[PDB]
Amino acid sequence: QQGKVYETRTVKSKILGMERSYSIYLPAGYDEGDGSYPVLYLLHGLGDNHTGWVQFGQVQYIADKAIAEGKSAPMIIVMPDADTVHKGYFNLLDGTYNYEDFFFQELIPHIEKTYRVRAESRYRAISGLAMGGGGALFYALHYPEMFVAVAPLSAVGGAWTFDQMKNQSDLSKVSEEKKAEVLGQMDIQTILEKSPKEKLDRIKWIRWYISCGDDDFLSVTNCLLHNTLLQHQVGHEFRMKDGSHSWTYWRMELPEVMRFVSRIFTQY
Amino acid sequence: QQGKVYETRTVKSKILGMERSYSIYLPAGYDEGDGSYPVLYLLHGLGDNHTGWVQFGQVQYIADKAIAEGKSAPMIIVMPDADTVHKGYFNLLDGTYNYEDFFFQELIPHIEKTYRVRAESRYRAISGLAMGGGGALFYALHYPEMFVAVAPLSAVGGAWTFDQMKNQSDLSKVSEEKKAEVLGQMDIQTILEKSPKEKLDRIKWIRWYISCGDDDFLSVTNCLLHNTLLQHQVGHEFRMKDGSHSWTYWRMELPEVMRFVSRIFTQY
Amino acid sequence: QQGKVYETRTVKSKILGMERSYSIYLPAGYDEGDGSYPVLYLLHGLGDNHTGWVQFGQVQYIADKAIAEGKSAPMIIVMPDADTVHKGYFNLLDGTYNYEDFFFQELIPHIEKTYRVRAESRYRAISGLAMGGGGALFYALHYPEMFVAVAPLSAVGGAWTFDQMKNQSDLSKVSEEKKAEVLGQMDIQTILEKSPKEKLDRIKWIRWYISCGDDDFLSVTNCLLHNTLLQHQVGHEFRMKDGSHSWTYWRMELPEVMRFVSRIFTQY
Amino acid sequence: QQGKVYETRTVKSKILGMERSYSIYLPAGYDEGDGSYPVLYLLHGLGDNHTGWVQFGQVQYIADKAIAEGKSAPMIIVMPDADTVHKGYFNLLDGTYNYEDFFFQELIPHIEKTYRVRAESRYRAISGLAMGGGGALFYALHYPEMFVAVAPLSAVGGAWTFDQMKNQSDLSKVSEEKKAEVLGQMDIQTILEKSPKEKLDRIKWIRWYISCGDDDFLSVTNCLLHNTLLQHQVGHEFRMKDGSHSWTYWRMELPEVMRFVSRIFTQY
Amino acid sequence: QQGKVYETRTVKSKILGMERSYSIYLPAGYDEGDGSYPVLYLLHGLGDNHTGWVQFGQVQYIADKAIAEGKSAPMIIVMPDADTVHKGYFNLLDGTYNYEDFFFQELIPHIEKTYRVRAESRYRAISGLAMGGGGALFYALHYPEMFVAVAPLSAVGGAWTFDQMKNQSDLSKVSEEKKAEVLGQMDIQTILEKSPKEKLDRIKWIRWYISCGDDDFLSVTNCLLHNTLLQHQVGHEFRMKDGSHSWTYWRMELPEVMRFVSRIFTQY
Amino acid sequence: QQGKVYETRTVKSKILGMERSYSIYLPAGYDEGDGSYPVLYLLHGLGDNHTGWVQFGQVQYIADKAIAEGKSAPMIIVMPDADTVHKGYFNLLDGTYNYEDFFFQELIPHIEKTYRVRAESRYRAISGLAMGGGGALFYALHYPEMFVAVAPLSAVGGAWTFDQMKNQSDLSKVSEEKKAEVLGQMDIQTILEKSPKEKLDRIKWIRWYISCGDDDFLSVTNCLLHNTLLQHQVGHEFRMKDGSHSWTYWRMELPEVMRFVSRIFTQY
Amino acid sequence: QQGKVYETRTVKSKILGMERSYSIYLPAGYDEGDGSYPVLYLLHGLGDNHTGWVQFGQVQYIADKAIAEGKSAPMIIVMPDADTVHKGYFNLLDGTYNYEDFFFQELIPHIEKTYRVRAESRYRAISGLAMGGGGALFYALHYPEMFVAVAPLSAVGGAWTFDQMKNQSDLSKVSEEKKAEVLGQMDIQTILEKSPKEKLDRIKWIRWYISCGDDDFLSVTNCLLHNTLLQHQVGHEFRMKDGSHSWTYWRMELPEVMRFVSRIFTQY
Ligand SMILES: COC(=O)/C=C/c1ccc(O)c(OC)c1
Ligand SMILES: COC(=O)/C=C/c1ccc(O)c(OC)c1
Ligand SMILES: COC(=O)/C=C/c1ccc(O)c(OC)c1
Ligand SMILES: COC(=O)/C=C/c1ccc(O)c(OC)c1
Ligand SMILES: COC(=O)/C=C/c1ccc(O)c(OC)c1
Ligand SMILES: [Ca+2]
Ligand SMILES: [Ca+2]
Ligand SMILES: [Ca+2]
Ligand SMILES: [Ca+2]
Ligand SMILES: [Ca+2]
Ligand SMILES: [Ca+2]
Ligand SMILES: [Ca+2]
């Protein structure tokens with residue numbers, strides 16, 4: 001019936017020079033047997049931290065329920081802290097805080113070393129809300145070879161995030177050529193035009209689930225996102241449901257995301 | 001428990017010079033008591049006729065169920081034939097087939113004279129799928145004072161419809177001034193910009209429900225519609241659900257449209 | 001299991017010099033057997049008429065459901081039109097439109113003459129919403145011998161009602177002496193203080209059910225009403241539920257009202 | 001699915017010079033994982049002590065049920081003893097028994113030190129019945145920066161509370177200037193008029209839930225409370241349900257209070 | 001809601017020189033409204049007549065139940081008599097009894113003239129068991145333009161059906177050159193090999209549903225049927241379920257057959 | 001009531017010269033009491049290994065559910081790895097990898113030594129999908145005295161398996177005489193033709209359950225298999241259901257397989 | 001969900017000079033937390049002992065069920081042995097066996113010292129069947145200050161009990177003065193007539209629940225009991241249900257008795 005959540009553990013980070021918090025959900029029966037589990041990475045929005053999906057998202061109750069009902073297979077859920085010191089998911093322009101490198105080169109290997117994890121792309125999915133939707137969306141466009149499924153909920157656009165990366169950086173130390181380079185790497189249109197054939201095929205191979213409420217100011221951002229993906233022939237599932245920019249929407253979508261990624265993990 | 005459907009009745013049209021077919025759904029208890037009912041106009045798509053919402057849409061079973069369960073209050077459903085002679089809902093460019101004039105000046109008054117109908121805008125709503133979604137959309141943008149609720153399902157765009165009016169017309173007799181004028185009356189951007197305040201207020205006061213499946217080729221048209229409406233401050237409900245250009249989608253949506261318009265008929 | 005509604009029947013009034021509309025709900029089985037039924041008079045709000053409880057209140061579906069479930073015993077529901085010519089339930093101050101006289105001397109005797117009605121006080125109740133809630137409240141305070149139960153929903157106060165009576169009157173024909181007298185007859189504090197013992201006792205014998213939503217602008221009016229009745233030792237049931245000034249509130253309250261008066265008609 | 005209750009633990013009070021009893025409810029799964037929880041302070045009425053909400057309120061069964069069904073998120077419930085030595089929640093006028101200082105400077109820090117509590121305003125709510133309803137009400141009017149939600153049930157008034165503080169004080173040592181000072185601090189009208197703008201805004205930011213039975217002698221006090229709050233534009237949810245001054249009323253409201261505060265803890 | 005069955009009606013047949021019996025199931029509500037219905041032709045097995053699907057198949061109960069639950073749309077079910085005079089569905093080789101001619105030239109037009117039928121191939125399906133399963137299959141391979149859906153249940157093969165045609169014939173009147181041709185028209189391998197592209201494509205457009213129990217002596221014939229169709233790229237739905245050559249098997253498949261054809265009639 | 005899965009335990013093979021992986025499912029309550037269990041050996045398909053039925057087949061959830069509902073009696077499920085070094089279940093022709101000998105002489109004795117197993121043929125069954133369906137089928141045809149029930153799901157044929165033995169072997173060291181010898185040992189027709197009466201009788205005593213989806217490319221293989229068994233009077237259960245070569249099909253059949261073998265273990 | 005029963009524990013009795021057996025039901029969760037519980041003393045009938053309510057009454061299942069459903073709050077149930085040495089609940093007339101004194105001075109204090117019991121009259125109730133109905137009835141009439149609720153089931157009368165006390169005694173050492181005094185102390189009419197105002201008011205404060213089946217030989221005794229209590233204005237609930245002198249009756253009443261006493265323990 002019931003799994004458990006740890007909120008106070010950390011990963012020793014040399015790239016960020018600190019102990020980084022994360023939360024982790026372990027499914028019921030993680031402590032019995034010796035088997036391993038797939039992992040869902042679940043990213044919070046602006047203002048919250050690694051307790052957001054725990055306290056507001058009610059991840060323990062919602063995942064316990066979905067797994068016991070058979071709506072989802074057992075999985076591990078990992079919730080990073082992207083609020084302490086700097087807010088956001090990407091490497092800053094001044095070179096002083098490379099959070100994206102921390103995620104792929106330190107957090108993911110730590111999870112695989114510490115917990116009983118199936119450590120392959122086919123067992124790794126990523127999702128998030130608002131700021132974390134943009135995080136999940138662009139993590140997968142940068143490293144499509146790391147994920148099998150991606151689920152941006154109420155996702156911010158590339159322009160919003162690049163604005164956050166500039167406001168968070170010391171712009172006196174950043175040249176104009178470097179601003180132009182990262183601006184292009186945070187634009188969904190430019191990434192798809194400039195991707196080599198191998199990259200674009202991995203992007204088409206990823207299973208995408210993109211959802212947003214219709215009374216959300218981000219509905220326009222996500223309708224433009226849907227049109228861009230069809231224009232580049234990236235098949236995906238797209239939902240615009242009754243809802244707003246609120247935790248009512250995200251607690252309702254969480255079991256849908258789990259059912260979506262769980263079927264990819266188990267195949268069908 | 002059970003209402004009834006008549007498929008074979010006609011209305012004698014002076015504008016079109018012929019008897020025009022329609023099907024009509026009367027709710028259960030229509031023959032008991034003396035009260036009157038609100039009306040939903042339900043328009044078919046390209047290739048089908050007045051039997052379309054009857055045979056494919058299964059209107060009798062679905063409305064019988066929604067009304068018996070209380071999801072919808074009792075109402076009349078009218079399904080006009082827009083297939084015979086010429087296909088489409090609008091006046092052709094050559095002046096030989098003014099179907100839109102027929103709808104508003106002959107069909108609606110005939111229904112209100114023949115059946116026990118509450119003959120007011122506050123009790124009159126319109127919906128349709130594909131070609132009929134574009135019909136419901138542009139019928140309401142032309143005569144916004146005529147409806148309280150409008151529900152385009154998988155609706156075609158204005159450019160698609162204007163192309164249909166050209167194909168069906170004798171363009172040898174049509175001047176370039178008329179071609180340019182009618183295109184502007186079939187463009188939603190243009191109508192909203194050229195409307196006086198009294199007209200634009202009535203368009204915002206209409207309660208809109210716009211729904212389309214994500215695996216439909218029209219999903220892009222309807223996402224662009226959602227953006228255009230927001231840009232002009234037309235509040236509306238927008239849904240993009242899992243589904244395609246098929247009768248599974250429209251039979252799923254029919255009881256939603258009925259609950260949507262029923263709450264407006266009864267207030268809430 | 002389905003009853004029926006007549007909307008188009010009238011009653012010939014000498015007091016008002018015209019045919020006055022009413023609506024009537026007859027329970028299932030009215031046309032089999034020869035028995036008689038109690039009556040609930042159900043009053044609409046300002047701007048609406050005798051169709052209001054039919055179309056907005058959905059009286060037919062709600063009454064059919066409550067009687068078939070046994071939540072209520074079978075009863076007749078009468079819905080008078082207090083909208084045509086003048087809006088309101090009371091005698092105008094200029095003497096040209098004595099609606100309250102019509103209600104008690106012509107409508108109530110007519111209903112008892114035309115339909116199979118148990119014509120005693122113990123089988124007659126009155127209820128209404130907003131304007132009609134104030135109507136029901138003061139109809140019973142003026143003629144307490146006429147009802148066994150009274151249920152004001154979201155009721156306006158006497159001050160609101162008196163103000164509305166003046167606007168509809170030709171105040172050139174009205175003396176200040178009559179204005180002060182009528183003001184006192186539309187004030188609950190005055191009526192309870194100035195009633196002889198015989199009248200005040202009948203007021204206490206009536207079973208009162210007073211309900212209003214907390215997000216209603218009339219919530220303060222109805223809280224003051226609860227305090228006044230307690231201050232004069234008039235027992236009543238009082239409900240302030242989650243809700244607003246809406247037909248969602250009043251369609252919810254109709255089955256509670258029907259269970260309330262039904263239990264009094266049948267005893268317990 | 002079962003949590004647990006501790007009744008026999010105490011807090012060592014420097015202010016009251018004794019070990020002070022409290023009861024605490026820990027939710028299911030409190031022992032597994034390392035996370036923290038929000039806290040609801042739940043105050044008993046006159047005559048009961050820290051065992052009242054346990055034995056009469058049946059907090060363990062009711063909270064176990066609401067949390068397992070998902071009607072509430074997991075929370076900690078703390079039940080202070082306000083009966084031993086003196087009955088009541090406030091500082092006595094003679095200076096020998098400052099229970100209110102005890103509550104805020106000793107009990108709240110003790111809970112946050114001893115249990116895994118999210119120790120912020122946004123994760124702290126307070127509720128109580130009768131005497132404790134007034135206690136919850138005026139604790140929050142005195143220290144509004146401490147709470148995010150307040151739920152007085154069948155609450156006693158400000159005058160009743162000030163009367164208790166006097167009967168419980170030795171008045172020979174009490175000056176007349178102080179009596180008038182505390183009289184004003186235990187009056188809601190006085191507090192709302194005389195609070196500076198920063199306090200008054202914080203009172204409006206709190207989420208209020210006020211409930212009382214219609215057959216309670218205190219129904220008048222709480223209806224006057226409803227009117228006073230609207231007069232000062234402090235929005236709140238107000239309920240007057242069928243019920244009396246009884247543990248039937250309070251056992252029914254306990255899960256409604258839990259759902260109310262839980263939605264505030266989790267956001268929506 | 002119950003439909004009805006007529007057993008005793010006949011069609012006056014010039015080809016067979018007699019009145020031919022049939023049974024017909026008309027759905028609930030056939031006698032209200034004026035609409036039309038699709039038709040399922042339902043063929044009995046050897047030894048039975050037009051009462052077989054009525055008395056043994058229990059078509060009234062099964063069709064009333066499937067239609068009311070919404071598992072199937074309303075349809076007409078026609079059950080021809082192929083037992084009187086001679087047993088079988090095909091023209092006997094001696095030219096004296098052209099039952100296949102009777103079915104397509106007299107029975108189908110008579111049903112369409114007498115009942116409210118949608119008279120098009122897109123609204124016409126055929127099914128049967130054993131002898132009638134072979135009948136449905138070879139009717140559709142001979143006249144593929146007549147059906148949209150075909151459902152042989154526990155069908156006999158072409159050789160068994162041809163052998164029955166010989167044994168019932170007067171061989172004094174049979175030419176051997178025609179006998180050899182008809183043997184080839186009653187062999188599925190031969191029909192598909194000899195079909196021109198227009199015929200072969202129409203056969204692939206028909207929707208096939210082939211079902212047979214695994215404990216049936218005919219399971220081998222129907223597995224070979226499945227192998228032949230795939231060898232010729234005729235996509236179809238094939239079911240081998242637990243069951244025998246019995247009315248337990250056929251009563252279970254009848255609602256499955258109805259759901260299969262209903263969705264094709266209504267589209268999806 | 002939850003059982004448990006072990007994935008990381010091995011068996012020391014003298015025949016294969018390495019530690020060989022397997023997974024094992026132990027039912028709930030295996031750790032209470034001293035009783036013994038029957039065993040189902042469950043073989044994966046090509047490309048997966050011993051975690052395939054665990055991660056994709058979800059054996060833990062599906063077996064936990066079937067046993068708790070009583071659809072199946074408690075049993076042990078053993079899932080061997082036939083992927084490492086060489087893919088497949090049979091002895092290679094070059095003599096370097098005799099996997100079939102390993103299975104019967106090392107793996108089965110190890111399970112019976114290590115876990116509480118009823119070590120008799122009447123308590124031993126075998127099943128699998130695709131490559132593993134052929135494994136189960138030909139494992140049972142070679143040593144039929146080892147199993148009481150066999151369940152090939154979507155099984156490959158013997159020719160498919162013989163092709164795998166050739167492609168996986170170094171054929172330079174293999175004589176033509178040996179190629180002909182094993183070819184005959186991997187053909188179902190040949191095995192049944194040459195079996196002595198004792199072997200043939202035990203094959204008929206085995207209870208066979210053969211299931212395949214109709215939209216699977218292997219459906220022709222299994223229809224031919226059904227025909228072959230009937231020609232040799234090998235009674236069996238045969239199912240052809242709606243489905244493809246997918247884990248939806250195989251997760252659906254696993255509880256059907258468990259119910260089938262459980263009923264044989266317990267008798268009926 | 002499940003509590004537990006101890007049958008083999010004993011109280012060391014100075015009054016009876018021996019270890020006395022009792023059985024005890026502890027509710028689920030007794031071993032978690034530190035809280036205390038109310039106590040129901042539950043007395044057996046003639047012939048049974050402290051195992052009677054356990055084996056025949058099935059108290060463990062019935063109390064587990066009533067408490068888990070919330071029909072009763074958790075309580076401790078103590079079942080004393082009144083069978084060993086002498087049968088009955090009262091002091092023998094010869095002074096050699098003061099069973100009633102043992103009950104009040106040794107059994108009740110031992111329970112409160114040994115288990116976590118709320119040791120006040122308001123948390124103490126008594127019930128019993130047959131002989132134990134008379135015991136519970138007359139214990140409460142003798143020591144009314146000890147109980148808050150009393151529930152005699154199918155109770156014997158005082159005359160029967162006094163007959164039991166004599167037959168169990170050595171009457172040669174008992175004077176006629178003691179015989180007459182005890183007869184009056186075991187008669188319900190006499191106890192109520194001679195009780196001072198302090199005792200009679202506590203008798204009226206106790207909540208009584210007296211139940212007996214209609215086909216029971218004691219139905220007449222308990223009808224007279226109902227008559228006696230009413231004549232002295234002792235309010236009580238009285239039930240005469242279908243049933244006999246059997247454990248079907250007493251197993252039916254046990255959850256009613258638990259609900260009755262629970263609501264007194266919790267208030268309502
Ligand atoms: C319009 O785009 C934006 O302004 C993005 C908001 C934003 C940007 C950087 C931050 O560090 C931050 O944290 C408070 C918020
Ligand atoms: C881009 O717009 C189009 O494709 C027009 C399709 C079309 C238009 C008019 C018709 O009468 C019609 O009938 C078959 C089809
Ligand atoms: C109207 O105000 C009142 O009556 C105050 C009642 C009261 C006050 C203090 C107490 O310690 C107490 O103990 C029983 C009762
Ligand atoms: C005729 O069927 C075939 O070709 C069998 C496919 C096959 C055979 C052996 C393998 O080791 C293998 O590895 C991926 C695949
Ligand atoms: C009918 O009157 C009676 O018999 C009194 C019952 C009774 C009395 C004393 C006993 O020791 C006893 O144990 C069997 C039963
Ligand atoms: Ca899709
Ligand atoms: Ca909305
Ligand atoms: Ca509100
Ligand atoms: Ca009341
Ligand atoms: Ca079988
Ligand atoms: Ca298929
Ligand atoms: Ca009886």
# chains A, B, ... in the order shown; residues from 1 in each chain; ligands from 1

$ residues_near_ligand --ligand "ligand 11" --cutoff "9 Å" --atoms "only C-alpha atoms and all ligand atoms" --output "PDB file with C-alpha atoms, in the first residue's frame"
ATOM      1  CA  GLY E 235      -7.237  -8.043 -43.383  1.00  0.00           C
ATOM      2  CA  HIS E 236      -9.853  -9.292 -40.967  1.00  0.00           C
ATOM      3  CA  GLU E 237     -10.613  -9.845 -37.255  1.00  0.00           C
ATOM      4  CA  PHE E 238     -10.307 -13.543 -36.310  1.00  0.00           C
ATOM      5  CA  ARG E 239     -11.451 -15.069 -33.023  1.00  0.00           C
TER       6      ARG E 239
ATOM      7  CA  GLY F 213      -3.174 -12.603 -31.079  1.00  0.00           C
ATOM      8  CA  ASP F 214      -4.855 -12.342 -34.477  1.00  0.00           C
ATOM      9  CA  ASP F 215      -2.969  -9.207 -35.618  1.00  0.00           C
ATOM     10  CA  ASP F 216       0.349 -10.997 -34.830  1.00  0.00           C
ATOM     11  CA  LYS F 241      -7.827 -13.220 -29.339  1.00  0.00           C
ATOM     12  CA  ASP F 242      -7.699  -9.601 -30.442  1.00  0.00           C
ATOM     13  CA  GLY F 243      -4.128  -8.477 -29.952  1.00  0.00           C
ATOM     14  CA  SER F 244      -0.689  -8.141 -31.431  1.00  0.00           C
TER      15      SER F 244
END

$ residues_around --residues "residue C:254" --least-positions-apart "4" --cutoff "10 Å" --atoms "only C-alpha atoms" --output "JSON, numbers by chain"
{"C": [42, 53, 57, 58, 59, 62, 63, 66, 127, 128, 151, 153, 249, 250, 258, 259, 260]}

$ residues_around --residues "residue B:12" --least-positions-apart "4" --cutoff "10 Å" --atoms "only C-alpha atoms" --output "JSON, numbers by chain"
{"B": [16, 17, 18, 19, 20, 21, 106, 107, 110]}

$ residues_around --residues "residue B:268" --least-positions-apart "2" --cutoff "9 Å" --atoms "only C-alpha atoms" --output "MDAnalysis selection string"
(chainID B and resid 263:264 266) or (chainID C and resid 56 246:249 251)

$ residues_around --residues "stretch 157-171 of chain D" --least-positions-apart "6" --cutoff "8 Å" --atoms "only C-alpha atoms" --output "count of residues only"
17

$ atom_distance --atom1 "atom CA of residue A:5" --atom2 "atom CA of residue A:112"
17.0 Å

$ closest_residue --among "F:89, F:22, F:208, F:61" --to "ligand 4" --atoms "only C-alpha atoms and all ligand atoms"
F:89

$ residues_around --residues "residue C:4" --least-positions-apart "6" --cutoff "9 Å" --atoms "only C-alpha atoms" --output "PDB file with C-alpha atoms, in the first residue's frame"
ATOM      1  CA  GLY B  29     -42.382  14.385 -22.366  1.00  0.00           C
ATOM      2  CA  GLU B  32     -47.202  15.895 -22.170  1.00  0.00           C
ATOM      3  CA  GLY B  33     -47.995  19.287 -20.651  1.00  0.00           C
ATOM      4  CA  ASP B  34     -47.961  22.529 -22.666  1.00  0.00           C
TER       5      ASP B  34
ATOM      6  CA  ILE C  24     -48.550  24.334 -12.294  1.00  0.00           C
ATOM      7  CA  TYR C  25     -46.723  21.056 -11.602  1.00  0.00           C
ATOM      8  CA  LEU C  26     -48.960  18.006 -11.156  1.00  0.00           C
ATOM      9  CA  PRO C  27     -47.336  14.897  -9.637  1.00  0.00           C
ATOM     10  CA  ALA C  28     -47.142  11.472 -11.209  1.00  0.00           C
ATOM     11  CA  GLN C  60     -40.331  19.226 -13.218  1.00  0.00           C
TER      12      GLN C  60
END

$ residues_around --residues "residue F:184" --least-positions-apart "3" --cutoff "12 Å" --atoms "only C-alpha atoms" --output "list in words"
residues 138, 142, 158, 159, 162, 177, 178, 179, 180, 181, 187, 188, 189, 190, 191, 192, 193, 194 and 195 of chain F

$ decode --residues "stretch 225-236 of chain G" --atoms "N, CA and C atoms" --output "PDB file, in the first residue's frame"
ATOM      1  N   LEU G 225     -40.501  -5.215  34.371  1.00  0.00           N
ATOM      2  CA  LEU G 225     -39.408  -4.290  34.670  1.00  0.00           C
ATOM      3  C   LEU G 225     -39.668  -2.941  34.018  1.00  0.00           C
ATOM      4  N   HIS G 226     -40.053  -2.963  32.746  1.00  0.00           N
ATOM      5  CA  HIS G 226     -40.435  -1.741  32.052  1.00  0.00           C
ATOM      6  C   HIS G 226     -41.550  -1.014  32.799  1.00  0.00           C
ATOM      7  N   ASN G 227     -42.531  -1.757  33.323  1.00  0.00           N
ATOM      8  CA  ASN G 227     -43.628  -1.116  34.046  1.00  0.00           C
ATOM      9  C   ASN G 227     -43.125  -0.453  35.327  1.00  0.00           C
ATOM     10  N   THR G 228     -42.266  -1.148  36.074  1.00  0.00           N
ATOM     11  CA  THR G 228     -41.775  -0.631  37.347  1.00  0.00           C
ATOM     12  C   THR G 228     -40.985   0.655  37.163  1.00  0.00           C
ATOM     13  N   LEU G 229     -40.090   0.678  36.168  1.00  0.00           N
ATOM     14  CA  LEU G 229     -39.259   1.858  35.965  1.00  0.00           C
ATOM     15  C   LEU G 229     -40.106   3.078  35.620  1.00  0.00           C
ATOM     16  N   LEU G 230     -41.109   2.910  34.743  1.00  0.00           N
ATOM     17  CA  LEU G 230     -41.964   4.035  34.375  1.00  0.00           C
ATOM     18  C   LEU G 230     -42.726   4.601  35.569  1.00  0.00           C
ATOM     19  N   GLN G 231     -43.203   3.736  36.484  1.00  0.00           N
ATOM     20  CA  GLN G 231     -43.974   4.179  37.655  1.00  0.00           C
ATOM     21  C   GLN G 231     -43.137   5.023  38.607  1.00  0.00           C
ATOM     22  N   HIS G 232     -41.813   4.823  38.612  1.00  0.00           N
ATOM     23  CA  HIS G 232     -40.865   5.610  39.398  1.00  0.00           C
ATOM     24  C   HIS G 232     -40.103   6.628  38.571  1.00  0.00           C
ATOM     25  N   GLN G 233     -40.496   6.839  37.322  1.00  0.00           N
ATOM     26  CA  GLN G 233     -39.916   7.887  36.494  1.00  0.00           C
ATOM     27  C   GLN G 233     -38.414   7.677  36.269  1.00  0.00           C
ATOM     28  N   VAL G 234     -38.017   6.416  36.075  1.00  0.00           N
ATOM     29  CA  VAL G 234     -36.658   6.043  35.679  1.00  0.00           C
ATOM     30  C   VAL G 234     -36.656   5.898  34.156  1.00  0.00           C
ATOM     31  N   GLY G 235     -36.175   6.937  33.476  1.00  0.00           N
ATOM     32  CA  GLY G 235     -36.092   6.899  32.029  1.00  0.00           C
ATOM     33  C   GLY G 235     -35.104   5.859  31.527  1.00  0.00           C
ATOM     34  N   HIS G 236     -35.489   5.186  30.448  1.00  0.00           N
ATOM     35  CA  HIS G 236     -34.695   4.104  29.910  1.00  0.00           C
ATOM     36  C   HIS G 236     -35.165   3.814  28.495  1.00  0.00           C
TER      37      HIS G 236
END
